[PDB]
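Report on one structure; see the data block that follows.
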Amino acid sequence: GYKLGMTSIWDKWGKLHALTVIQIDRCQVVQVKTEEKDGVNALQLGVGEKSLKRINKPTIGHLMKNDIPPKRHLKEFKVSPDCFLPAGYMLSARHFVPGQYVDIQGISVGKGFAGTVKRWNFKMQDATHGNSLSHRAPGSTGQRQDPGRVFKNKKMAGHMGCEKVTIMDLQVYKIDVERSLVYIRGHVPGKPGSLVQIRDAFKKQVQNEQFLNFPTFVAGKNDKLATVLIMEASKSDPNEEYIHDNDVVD
Amino acid sequence: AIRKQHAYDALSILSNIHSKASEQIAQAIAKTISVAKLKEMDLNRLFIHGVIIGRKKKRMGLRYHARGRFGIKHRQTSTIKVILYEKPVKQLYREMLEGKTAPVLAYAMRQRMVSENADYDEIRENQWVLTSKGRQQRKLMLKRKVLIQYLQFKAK
Amino acid sequence: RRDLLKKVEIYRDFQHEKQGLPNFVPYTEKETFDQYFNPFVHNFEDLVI
Amino acid sequence: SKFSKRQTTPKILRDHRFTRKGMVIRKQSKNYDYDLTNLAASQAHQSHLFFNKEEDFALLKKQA
Amino acid sequence: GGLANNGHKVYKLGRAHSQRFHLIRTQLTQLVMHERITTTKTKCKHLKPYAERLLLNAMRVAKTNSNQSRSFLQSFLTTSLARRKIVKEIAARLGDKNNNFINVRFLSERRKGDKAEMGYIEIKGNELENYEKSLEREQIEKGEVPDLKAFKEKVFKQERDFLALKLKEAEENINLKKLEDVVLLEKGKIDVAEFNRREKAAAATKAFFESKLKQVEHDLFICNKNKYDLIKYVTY
Amino acid sequence: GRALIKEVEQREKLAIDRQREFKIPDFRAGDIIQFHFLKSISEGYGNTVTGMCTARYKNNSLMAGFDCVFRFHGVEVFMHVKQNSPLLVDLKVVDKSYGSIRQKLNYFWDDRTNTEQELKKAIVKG
Amino acid sequence: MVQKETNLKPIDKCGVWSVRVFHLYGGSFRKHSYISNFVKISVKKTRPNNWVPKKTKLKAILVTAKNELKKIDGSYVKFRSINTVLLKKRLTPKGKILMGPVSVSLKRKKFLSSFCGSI
RNA sequence: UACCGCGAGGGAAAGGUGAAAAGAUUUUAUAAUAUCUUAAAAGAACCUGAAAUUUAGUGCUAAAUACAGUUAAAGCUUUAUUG
RNA sequence: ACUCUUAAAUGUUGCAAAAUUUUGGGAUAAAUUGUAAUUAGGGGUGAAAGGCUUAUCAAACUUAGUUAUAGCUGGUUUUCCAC
RNA sequence: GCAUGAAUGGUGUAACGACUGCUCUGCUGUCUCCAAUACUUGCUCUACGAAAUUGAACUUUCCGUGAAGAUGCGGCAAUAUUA
RNA sequence: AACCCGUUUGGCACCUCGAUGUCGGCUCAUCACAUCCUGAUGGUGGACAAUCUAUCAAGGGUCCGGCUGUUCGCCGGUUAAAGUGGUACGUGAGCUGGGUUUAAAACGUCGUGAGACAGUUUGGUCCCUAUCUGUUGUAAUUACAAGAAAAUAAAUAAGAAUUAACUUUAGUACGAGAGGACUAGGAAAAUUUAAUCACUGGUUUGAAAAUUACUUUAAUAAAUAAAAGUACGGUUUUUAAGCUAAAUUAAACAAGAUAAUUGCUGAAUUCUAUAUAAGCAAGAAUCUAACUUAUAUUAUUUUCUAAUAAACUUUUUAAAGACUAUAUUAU
Ligand SMILES: [Mg+2]
Ligand SMILES: [Mg+2]
Ligand SMILES: [Mg+2]
Ligand SMILES: [Mg+2]
Ligand SMILES: [Mg+2]
Ligand SMILES: [Mg+2]
Ligand SMILES: [Mg+2]
Ligand SMILES: [Mg+2]
Ligand SMILES: [Mg+2]
Ligand SMILES: [Mg+2]
Ligand SMILES: [Mg+2]
Ligand SMILES: [Mg+2]
Ligand SMILES: [Mg+2]
Ligand SMILES: [Mg+2]
Ligand SMILES: [Mg+2]
Ligand SMILES: [Mg+2]
Ligand SMILES: [Mg+2]
Ligand SMILES: [Mg+2]
Ligand SMILES: [Mg+2]
Ligand SMILES: [Mg+2]
Ligand SMILES: [Mg+2]
Ligand SMILES: [Mg+2]
Ligand SMILES: [Mg+2]
Ligand SMILES: [Mg+2]
Ligand SMILES: [Mg+2]
Ligand SMILES: [Mg+2]
Ligand SMILES: [Mg+2]
Ligand SMILES: [Mg+2]
Ligand SMILES: [Mg+2]
Ligand SMILES: [Mg+2]
Ligand SMILES: [Mg+2]
Ligand SMILES: [Mg+2]
Ligand SMILES: [Mg+2]
Ligand SMILES: [Mg+2]
Ligand SMILES: [Mg+2]
Ligand SMILES: [Mg+2]
Ligand SMILES: [Mg+2]
Ligand SMILES: [Mg+2]
Ligand SMILES: [Mg+2]
Ligand SMILES: [Mg+2]
Ligand SMILES: [Mg+2]
Ligand SMILES: [Mg+2]
Ligand SMILES: [Mg+2]
Ligand SMILES: [Mg+2]
Ligand SMILES: [Mg+2]
Ligand SMILES: [Mg+2]
Ligand SMILES: [Mg+2]
Ligand SMILES: [Mg+2]
Ligand SMILES: [Mg+2]
Ligand SMILES: [Mg+2]
Ligand SMILES: [Mg+2]
Ligand SMILES: [Mg+2]
Ligand SMILES: [Mg+2]
Ligand SMILES: [Mg+2]
Ligand SMILES: [Mg+2]
Ligand SMILES: [Mg+2]
Ligand SMILES: [Mg+2]
Ligand SMILES: [Mg+2]
Ligand SMILES: [Mg+2]
Ligand SMILES: [Mg+2]
Ligand SMILES: [Mg+2]
Ligand SMILES: [Mg+2]
Ligand SMILES: [Mg+2]
Ligand SMILES: [Mg+2]
């Protein structure tokens with residue numbers, strides 16, 4: 001997907017839920033990979049657009065087998081042989097349903113040569129007590145003769161950002177289809193126009209068992225499908241979940 | 001940076017440094033080229049052998065400091081000897097027919113080809129000196145013609 | 001050392017993949033001790049009740 | 001930095017050749033079988049330039 | 001296209017607010033008197049937006065004397081000449097234009113002292129911008145200058161006429177060799193196994209000269225392609 | 001991009017405003033304002049308060065809001081409303097202002113202590 | 001937001017006028033104490049001859065705040081002063097009268113019904 | 001002597017063309033080098049012109065190892081191989 | 001203003017061999033200051049601190065006795081053969 | 001009163017203090033807790049161009065070792081090369 | 001009484017006397033286990049609860065404040081607990097300099113006297129641009145497999161926040177009663193950490209409104225109106241976009257192997273014994289596998305390739321950024 005931006009919406013019970021927007025831009029399979037020949041059971045996919053004057057020749061033949069247009073990124077996903085898909089198959093937001101908890105990969109924003117405080121939330125030294133040129137400095141890096149050297153994975157300045165990360169346990173709030181979007185109840189790594197690589201949560205198959213259909217959503221014949229769709233609100237009101245009376249000091 | 005290069009190519013390689021030191025050199029190669037004309041040579045065949053450098057003189061002074069101290073600052077000059085050699089015409093074409101012509105020799109050949117409005121026929125003849133890709137054929141065509149003969153022996 | 005250890009090869013199976021060399025025969029058999037505790041192995045005329 | 005970020009274990013215990021399954025001696029043998037008949041237009045004439053087992057090993061054995 | 005400040009780019013130039021807006025007003029009063037300035041690349045590229053707005057509020061004044069625009073006109077210009085200059089001398093020269101009044105073009109050389117980039121603003125219908133374009137015209141027509149676009153069109157056209165007669169000599173040689181080799185010689189005295197290699201290899205010659213005849217014609221359309229046309233995609 | 005995000009925020013505003021039990025009037029700073037703000041939807045208990053609107057934010061969009069100042073049980077207080085929220089149930093104007101005034105006042109919380117009579121009376125200039 | 005050494009202004013009618021904090025409940029480390037959290041209190045200013053004399057070590061709940069008291073919809077509420085309720089054993093304030101309003105963001109049903117009204 | 005110091009006073013650096021100036025003509029977007037003077041340019045702070053320092057040219061040249069070397073074996077090499 | 005320099009930061013091969021910036025003391029008086037001149041080495045002068053006496057002060061600077069003395073430190077230049 | 005004490009002056013004292021010690025109100029980024037901004041400095045290109053220092057140098061971790069705390073010896077190991 | 005350790009008070013006087021060091025505090029850490037809490041278990045003069053003792057165990061965690069120059073220590077208040085120690089009693093080429101060891105001065109005591117003190121008191125100056133190692137980050141050049149454009153696995157390592165009120169089981173078991181559980185679960189909050197900027201709050205030399213003094217554009221034709229500069233952006237106030245935390249969202253259980261420890265059958269030791277010698281089973285906040293991120297060590301797949309695959313230089317722009325690199329773009 002391609003992130004776009006953010007919103008926030010009031011739920012039934014009045015709560016303001018932050019929302020993050022994602023737009024799948026022609027997500028489409030390119031290649032199936034089987035364990036026998038290719039060493040692993042997995043797919044890759046392709047999303048986006050690329051003008052015909054920046055394309056490379058072998059990319060064409062890599063795509064032109066399965067008769068699909070050019071793309072802008074290509075990434076893999078390990079899967080099981082039970083849940084393969086064809087080649088050229090296009091994937092939709094219907095692959096997810098709101099209610100299940102979702103993992104994300106992506107690249108974070110970039111700050112630059114981040115100082116010492118900013119990068120690990122160090123504490124400052126005391127300004128205005130005769131302090132001489134060490135207000136934000138780190139201070140001691142190490143000890144004397146024994147060890148006699150600075151250790152590794154030590155805290156210092158450096159490039160903070162553009163780091164590949166994951167964020168587990170994120171909900172899907174609603175869907176649009178005619179405008180192929182997905183809305184997530186939380187934050188994601190990266191300023192918009194940045195790729196994002198989402199999947200079901202390893203960390204919990206229990207909660208999302210209801211909201212899960214393998215290998216993906218078949219349409220079913222002669223049935224009316226919804227273009228827009230939300231989840232059910234909580235069964236309880238946040239304004240009414242009170243503190244217990246005996247939760248008191250003495 | 002300027003070694004084993006054609007002389008007029010050095011100046012092209014050298015204007016892109018954007019310095020005083022660059023321009024001081026090109027005044028020397030442009031001298032040596034002027035001597036070669038005077039000595040009746042073929043400037044189209046004039047590669048470079050060595051640019052030699054050496055100190056000449058140092059003029060001292062003082063650079064003051066805090067608390068009555070002082071240092072010694074030296075402005076200084078240098079020397080520039082240049083050497084060139086014209087390859088024989090035969091050795092110049094032992095290279096081209098393998099595909100290692102200097103670009104400057106082609107920049108002239110391209111610029112010549114336009115002043116007099118040339119024709120298509122003159123280009124297919126002189127394509128083995130005229131672009132990189134055309135000069136990659138010749139390194140490849142030449143590798144094929146020897147191999148045809150290598151197989152003519154390997155049968156026996 | 002490295003030049004030497006570059007010339008060593010190990011396998012888990014009972015084979016090597018090289019060709020033109022022999023292979024150890026594995027020993028899969030297991031001794032049947034059946035002649036000691038079974039009349040059905042012996043001939044009845046050698047035995048006695 | 002690479003120099004400073006390293007790990008000082010012996011290579012013998014980092015080595016990629018050794019796996020849970022086995023030791024990776026040379027490589028996989030690859031059957032370079034190509035359908036030389038169902039070719040494209042601009043590669044029909046130069047079909048002889050393509051690898052074919054049954055021809056090449058005939059030649060080495062012929063020359064040898 | 002900067003996310004920070006409303007999509008716009010900003011140049012600090014080592015100058016604060018008031019110390020910068022004095023630089024604007026001086027260069028702009030100079031950008032109407034002389035209507036051409038040579039500066040660095042960033043001072044030449046920090047001032048384009050201010051000037052592109054400066055002339056609208058002069059063109060508007062010519063059509064419709066507007067208090068809102070003349071107030072913009074007093075602020076950025078200091079003198080009275082420059083105020084009366086552009087309303088009457090410049091704005092009459094342009095003739096109902098809104099979009100773009102001003103050029104910025106860079107330079108290949110750098111200064112001798114600082115070795116800095118350089119570049120010049122010019123109001124778009126300046127005299128020097130016209131005089132310099134007459135010289136290029138005249139020299140290309142009559143003088144020491146190549147006129148490449150004739151030399152290019154010449155060469156693809158000598159080529160195009162040259163490929164065809166090699167195609168003509170191919171269809172002939174295919175036919176004469178085919179009819180000879182298919183009729184007379186299938187009677188015997190040959191190997192008919194290689195008969196495939198006769199036509200199969202000869203037709204490739206046709207395809208060659210025919211596939212190259214695409215490139216040349218595509219190299220001619222592209223030389224005679226108008227701005228207001230589409231993009232012409234090509235086989236491969 | 002972002003424009004796609006707005007057109008969703010616009011349709012959803014229209015989906016609410018055309019569905020609310022009441023409508024939005026044209027009020028300004030300096031104008032008095034009533035509203036029944038709720039505590040919960042499971043139980044529709046709330047409070048009705050008369051107050052002097054000090055500011056409006058994002059009028060004609062989805063995060064539209066405003067500010068008021070009023071005196072509740074004899075205690076001066078400030079509150080910041082999301083206009084298109086569901087917890088509002090009523091919104092009404094008592095007294096109108098008149099004349100040239102600033103869009104966002106803020107000198108009723110800061111730099112001042114107030115009485116009842118200054119909060120129940122609009123800004124009026126001749 | 002409340003920290004050590006905040007001067008407070010109670011609303012319970014026990015004759016006390018101004019009062020200070022010196023400890024915060026709810027864990028090992030607290031650097032701040034938000035609404036509906038407990039504190040300890042020394043007494044600094046009183047009506048004279050009051051049965052709640054100076055320098056008495058008491059407990060209390062704090063009720064109001066001058067910072068933005070958030071609500072779930074996005075709206076928020078904000079008072080001109082901080083207010084507290086001085087306590088005997090548990091939620092059993094000294095003065096039977098309470099004298100003023102409360103913010104709903106403290107979430108205690110029985111404790112709210114005692115008051116006039118809550119925003 | 002220069003330079004320093006308010007003052008008494010202190011206190012350096014720095015030689016060489018050629019037998020003879022014959023002190024360098026002519027060509028050249030400007031020859032240290034051809035030509036001319038001379039025994040030779042020794043070319044003006046110019047006899048001879050070491051070392052430290054430093055540039056280029058041709059050879060073999062790395063990819064783990066170290067008071068920077070020694071002893072031994074194998075390999076490649078400029079007609080410089082004497083590496 | 002002028003004069004002195006309490007407090008902090010800066011600076012420390014600095015703008016400066018004791019300053020910059022901010023702040024602060026006295027400011028008709030035992031005041032501040034210009035010009036020219038006097039007092040001179042165990043003496044001068046000193047609202048006294050062992051301070052000042054041309055960046056040098058538990059006894060100046062320059063020259064001289066003087067190549068001061070040192071049971072002390074640091075150093076003592078080419079080779080081979082014997083004990 | 002270990003070892004106070006009367007012109008080495010004892011006791012007390014309004015006013016004055018860039019003096020030393022304690023407390024209060026007000027005030028506030030000193031602190032909880034640190035964030036954003038402007039210029040300078042800095043980083044890149046370009047012209048010019050210092051300083052103390054320095055046995056040589058192709059300059060690795062750990063434990064052990066030992067003129068007693070090892071980059072250099074020993075022992076298992078690390079590093080494609082450099083900026 | 002037999003051994004160990006090397007944190008105290010000391011003995012010796014081997015290294016350093018040819019520019020440095022002392023306790024304490026701020027910032028920053030790392031290690032041991034002889035463990036303060038959490039977790040497992042045996043024993044008990046162990047009914048339950050609370051507690052005492054011993055063993056296994058280092059995963060993560062371990063307070064603010066008043067007086068003192070102060071580690072310590074007393075005190076007030078709390079917490080699941082407020083651990084013992086090593087690292088030139090860690091950390092001054094990373095900060096401070098309050099104490100103590102210079103010069104001024106004073107009291108007391110000793111001393112004829114100069115002056116002195118393991119007594120007190122006020123005051124009180126050392127500096128540094130980082131060559132190499134080491135480290136946090138960033139690239140360049142090159143190599144591998146024919147050459148090249150892309151996507152992955154494998155392997156090793158690193159990393160991972162602790163606690164639990166309150167509540168359900170249950171006022172049940174236990175108990176004269178008072179009181180009050182093991183087990184199996186849910187879970188607010190505090191501290192810490194990561195991603196993010198739709199809302200809120202702060203910021204704004206970017207945009208704007210109002211406005212004082214002097215001057216000016218430019219005016220000895222007037223009048224009205226506009227505009228500019230200087231005064232901390234002149235001052236006060238509002239605010240777009242971004243960054244930001246005071247803001248938002250959220251931080252697994254289980255499975256396998258084992259440590260102290262529990263058990264089945266059954267000999268040696270003719271046993272209704274013994275968890276072991278054949279043999280069959282259990283056992284933790286740990287370790288592993290899994291999960292996350294990185295990586296010139298090896299390998300796989302896809303596709304293209306010289307009558308034409310590719311890559312590099314330059315321009316524009318950036319959501320990327322010291323430089324570069326990556327991204328984007330033109331012919
Ligand atoms: Mg950035
Ligand atoms: Mg923080
Ligand atoms: Mg601090
Ligand atoms: Mg300092
Ligand atoms: Mg500072
Ligand atoms: Mg050590
Ligand atoms: Mg070490
Ligand atoms: Mg020098
Ligand atoms: Mg600058
Ligand atoms: Mg200003
Ligand atoms: Mg509006
Ligand atoms: Mg506000
Ligand atoms: Mg002669
Ligand atoms: Mg001669
Ligand atoms: Mg000489
Ligand atoms: Mg003064
Ligand atoms: Mg005063
Ligand atoms: Mg006075
Ligand atoms: Mg004295
Ligand atoms: Mg003096
Ligand atoms: Mg004397
Ligand atoms: Mg004598
Ligand atoms: Mg003597
Ligand atoms: Mg006495
Ligand atoms: Mg006395
Ligand atoms: Mg007496
Ligand atoms: Mg006295
Ligand atoms: Mg007295
Ligand atoms: Mg007295
Ligand atoms: Mg007195
Ligand atoms: Mg005083
Ligand atoms: Mg006292
Ligand atoms: Mg924080
Ligand atoms: Mg090395
Ligand atoms: Mg050691
Ligand atoms: Mg040895
Ligand atoms: Mg070693
Ligand atoms: Mg000794
Ligand atoms: Mg020592
Ligand atoms: Mg000595
Ligand atoms: Mg030394
Ligand atoms: Mg233990
Ligand atoms: Mg620990
Ligand atoms: Mg763990
Ligand atoms: Mg105090
Ligand atoms: Mg104190
Ligand atoms: Mg305590
Ligand atoms: Mg020490
Ligand atoms: Mg220490
Ligand atoms: Mg140190
Ligand atoms: Mg006496
Ligand atoms: Mg003082
Ligand atoms: Mg360095
Ligand atoms: Mg080193
Ligand atoms: Mg963060
Ligand atoms: Mg935001
Ligand atoms: Mg705001
Ligand atoms: Mg402002
Ligand atoms: Mg103004
Ligand atoms: Mg001024
Ligand atoms: Mg903002
Ligand atoms: Mg188990
Ligand atoms: Mg038995
Ligand atoms: Mg038993």
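Residues are referred to by chain and number: the chain letter is A, B, ... according to the order shown in the structure tokens, the number counts from 1 in that chain, and ligands are numbered separately from 1 in the order shown.
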Could you list, as a PyMOL selection string, all residues that come within 12 Å of ligand 16? Count only C-alpha atoms (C1' of nucleotides) and all ligand atoms. (chain I and resi 1-5+23-27) or (chain J and resi 18)
| message | I'd like the contact shell of range 6-11 of chain E - 12 Å cut-off, only C-alpha atoms (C1' of nucleotides), skipping same-chain residues fewer than 4 positions apart - returned as a ChimeraX atom specification. | response | /E:1-2,15-17,20,41-49 /K:206-207,240-242,317-319
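The shortest atom-to-atom distance to ligand 11, with only C-alpha atoms and all ligand atoms taken into account, belongs to F:28 out of F:39, F:112, F:28, F:121.
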Could you pull out the strand (DSSP E or B) residues of range 117-161 of chain E from DSSP and send them as a PyMOL selection string? chain E and resi 119-123
- Message: Can you work out which residues are within 12 Å of ligand 60, considering only C-alpha atoms (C1' of nucleotides) and all ligand atoms, and then hand them over as a ChimeraX atom specification?
- Response: /K:214-215,229-231
Residue selection dump (N, CA and C atoms (P, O5', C5', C4', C3', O3' and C1' of nucleotides)) as a PDB file, in the first residue's frame:
ATOM      1  P     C K 214       6.201  62.714  16.855  1.00  0.00           P
ATOM      2  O5'   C K 214       7.612  62.502  16.165  1.00  0.00           O
ATOM      3  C5'   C K 214       8.773  63.010  16.792  1.00  0.00           C
ATOM      4  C4'   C K 214      10.040  62.500  16.157  1.00  0.00           C
ATOM      5  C3'   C K 214      10.168  62.674  14.657  1.00  0.00           C
ATOM      6  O3'   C K 214      10.527  63.979  14.252  1.00  0.00           O
ATOM      7  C1'   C K 214      10.841  60.497  15.258  1.00  0.00           C
ATOM      8  P     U K 215       9.992  64.539  12.845  1.00  0.00           P
ATOM      9  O5'   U K 215      10.716  63.622  11.770  1.00  0.00           O
ATOM     10  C5'   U K 215      12.122  63.663  11.638  1.00  0.00           C
ATOM     11  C4'   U K 215      12.650  62.562  10.750  1.00  0.00           C
ATOM     12  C3'   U K 215      12.247  62.597   9.289  1.00  0.00           C
ATOM     13  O3'   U K 215      12.977  63.539   8.525  1.00  0.00           O
ATOM     14  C1'   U K 215      12.058  60.396  10.108  1.00  0.00           C
ATOM     15  P     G K 229       9.449  48.161   6.192  1.00  0.00           P
ATOM     16  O5'   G K 229      10.650  49.043   6.739  1.00  0.00           O
ATOM     17  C5'   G K 229      11.877  49.070   6.035  1.00  0.00           C
ATOM     18  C4'   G K 229      12.760  50.207   6.470  1.00  0.00           C
ATOM     19  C3'   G K 229      13.227  50.139   7.909  1.00  0.00           C
ATOM     20  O3'   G K 229      14.328  49.266   8.083  1.00  0.00           O
ATOM     21  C1'   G K 229      12.433  52.304   7.451  1.00  0.00           C
ATOM     22  P     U K 230      14.317  48.214   9.294  1.00  0.00           P
ATOM     23  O5'   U K 230      14.650  49.119  10.550  1.00  0.00           O
ATOM     24  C5'   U K 230      15.748  50.006  10.492  1.00  0.00           C
ATOM     25  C4'   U K 230      15.918  50.806  11.758  1.00  0.00           C
ATOM     26  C3'   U K 230      15.468  50.166  13.054  1.00  0.00           C
ATOM     27  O3'   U K 230      16.375  49.201  13.552  1.00  0.00           O
ATOM     28  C1'   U K 230      14.761  52.410  12.989  1.00  0.00           C
ATOM     29  P     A K 231      15.856  48.014  14.501  1.00  0.00           P
ATOM     30  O5'   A K 231      15.332  48.770  15.797  1.00  0.00           O
ATOM     31  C5'   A K 231      16.262  49.342  16.694  1.00  0.00           C
ATOM     32  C4'   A K 231      15.608  50.215  17.739  1.00  0.00           C
ATOM     33  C3'   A K 231      14.668  49.538  18.720  1.00  0.00           C
ATOM     34  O3'   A K 231      15.354  48.921  19.787  1.00  0.00           O
ATOM     35  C1'   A K 231      13.665  51.508  17.898  1.00  0.00           C
TER      36        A K 231
END
Residues of chain E near chain D: apply a cut-off of 9 Å, count only C-alpha atoms, and supply the list as number ranges by chain. E: 197, 200-201, 204, 207-208
Store the residues picked out above, limited to N, CA and C atoms, as a PDB file, in the first residue's frame.
ATOM      1  N   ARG E 197      16.458 -24.298 -43.820  1.00  0.00           N
ATOM      2  CA  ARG E 197      17.480 -23.300 -43.540  1.00  0.00           C
ATOM      3  C   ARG E 197      17.673 -22.311 -44.678  1.00  0.00           C
ATOM      4  N   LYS E 200      14.157 -20.049 -44.057  1.00  0.00           N
ATOM      5  CA  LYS E 200      14.178 -19.609 -42.665  1.00  0.00           C
ATOM      6  C   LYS E 200      15.290 -18.602 -42.418  1.00  0.00           C
ATOM      7  N   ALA E 201      16.422 -18.762 -43.096  1.00  0.00           N
ATOM      8  CA  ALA E 201      17.545 -17.861 -42.906  1.00  0.00           C
ATOM      9  C   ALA E 201      17.440 -16.637 -43.794  1.00  0.00           C
ATOM     10  N   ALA E 204      14.870 -13.979 -42.458  1.00  0.00           N
ATOM     11  CA  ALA E 204      15.461 -13.182 -41.394  1.00  0.00           C
ATOM     12  C   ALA E 204      16.135 -11.938 -41.945  1.00  0.00           C
ATOM     13  N   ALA E 207      13.349  -9.503 -42.391  1.00  0.00           N
ATOM     14  CA  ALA E 207      12.924  -9.014 -41.089  1.00  0.00           C
ATOM     15  C   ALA E 207      13.924  -8.022 -40.526  1.00  0.00           C
ATOM     16  N   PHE E 208      15.208  -8.264 -40.777  1.00  0.00           N
ATOM     17  CA  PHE E 208      16.254  -7.363 -40.320  1.00  0.00           C
ATOM     18  C   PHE E 208      16.073  -5.985 -40.934  1.00  0.00           C
TER      19      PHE E 208
END
Quick one: residues within 8 Å of range 154-159 of chain A, only C-alpha atoms (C1' of nucleotides) counted, chain neighbours fewer than 3 positions away excluded, as JSON, numbers by chain?
{"A": [111, 112, 113, 114, 115, 116, 119, 120, 138, 150, 151], "K": [135, 136, 137]}
From CA of residue 135 in chain E to CA of residue 94 in chain E the spacing works out at 22.8 Å
Residue neighbourhood residue 27 in chain F, 12 Å, only C-alpha atoms (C1' of nucleotides), exclusion window fewer than 5 positions, as a short mmCIF file (atom, residue, chain, number, x, y, z; two decimals) with N, CA, C and O atoms, in the first residue's frame:
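around.cif, freshly written:
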data_model
loop_
_atom_site.label_atom_id
_atom_site.label_comp_id
_atom_site.auth_asym_id
_atom_site.auth_seq_id
_atom_site.Cartn_x
_atom_site.Cartn_y
_atom_site.Cartn_z
N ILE F 32 -23.92 35.24 22.46
CA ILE F 32 -24.22 34.29 23.50
C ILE F 32 -24.59 32.96 22.86
O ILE F 32 -24.98 32.90 21.69
N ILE F 33 -24.45 31.87 23.61
CA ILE F 33 -24.65 30.55 23.05
C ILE F 33 -25.13 29.61 24.15
O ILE F 33 -24.57 29.60 25.25
N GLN F 34 -26.18 28.86 23.87
CA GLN F 34 -26.60 27.73 24.68
C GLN F 34 -26.23 26.43 23.98
O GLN F 34 -26.06 26.38 22.76
N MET F 52 -20.54 33.10 26.59
CA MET F 52 -20.07 34.07 25.62
C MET F 52 -19.01 33.42 24.75
O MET F 52 -17.91 33.10 25.22
N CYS F 53 -19.33 33.24 23.47
CA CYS F 53 -18.43 32.59 22.54
C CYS F 53 -17.23 33.48 22.27
O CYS F 53 -17.38 34.62 21.83
N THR F 54 -16.04 32.95 22.53
CA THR F 54 -14.80 33.68 22.33
C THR F 54 -14.11 33.37 21.01
O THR F 54 -13.28 34.18 20.57
N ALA F 55 -14.41 32.25 20.37
CA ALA F 55 -13.69 31.89 19.16
C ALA F 55 -14.43 30.77 18.45
O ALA F 55 -15.23 30.05 19.05
N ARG F 56 -14.12 30.62 17.16
CA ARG F 56 -14.60 29.53 16.35
C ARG F 56 -13.44 28.99 15.53
O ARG F 56 -12.59 29.76 15.08
N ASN F 59 -14.60 26.30 10.93
CA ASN F 59 -15.98 26.42 10.50
C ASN F 59 -16.12 25.85 9.10
O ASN F 59 -15.27 26.09 8.24
N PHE F 66 -15.46 25.44 18.66
CA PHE F 66 -15.57 26.79 19.16
C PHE F 66 -15.25 26.79 20.64
O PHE F 66 -15.01 25.74 21.24
N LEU F 91 -28.16 23.52 20.32
CA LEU F 91 -27.26 24.65 20.11
C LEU F 91 -28.10 25.83 19.65
O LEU F 91 -28.79 25.74 18.64
N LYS F 92 -28.03 26.92 20.40
CA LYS F 92 -28.99 28.00 20.30
C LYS F 92 -28.28 29.31 20.59
O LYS F 92 -27.28 29.34 21.31
N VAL F 93 -28.82 30.39 20.03
CA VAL F 93 -28.27 31.73 20.18
C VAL F 93 -29.30 32.56 20.93
O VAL F 93 -30.49 32.51 20.62
N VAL F 94 -28.83 33.33 21.91
CA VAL F 94 -29.68 34.15 22.75
C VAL F 94 -29.61 35.60 22.30
O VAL F 94 -30.62 36.18 21.90
N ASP F 95 -28.42 36.18 22.37
CA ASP F 95 -28.20 37.59 22.07
C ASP F 95 -27.16 37.68 20.97
O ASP F 95 -26.15 36.97 21.00
N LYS F 96 -27.42 38.56 20.02
CA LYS F 96 -26.52 38.81 18.92
C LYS F 96 -25.56 39.94 19.24
O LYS F 96 -25.84 40.80 20.07
N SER F 97 -24.42 39.90 18.58
CA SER F 97 -23.44 40.97 18.67
C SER F 97 -23.74 42.01 17.61
O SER F 97 -24.72 41.92 16.86
N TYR F 98 -22.88 43.01 17.53
CA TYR F 98 -23.03 44.06 16.53
C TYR F 98 -21.75 44.87 16.44
O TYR F 98 -21.25 45.36 17.46
N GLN F 103 -11.91 38.01 15.44
CA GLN F 103 -12.45 36.67 15.27
C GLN F 103 -12.21 35.83 16.50
O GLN F 103 -13.00 34.93 16.80
N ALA F 122 -23.93 40.85 24.88
CA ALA F 122 -23.12 40.74 23.69
C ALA F 122 -22.29 42.00 23.51
O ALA F 122 -22.46 43.01 24.20
#
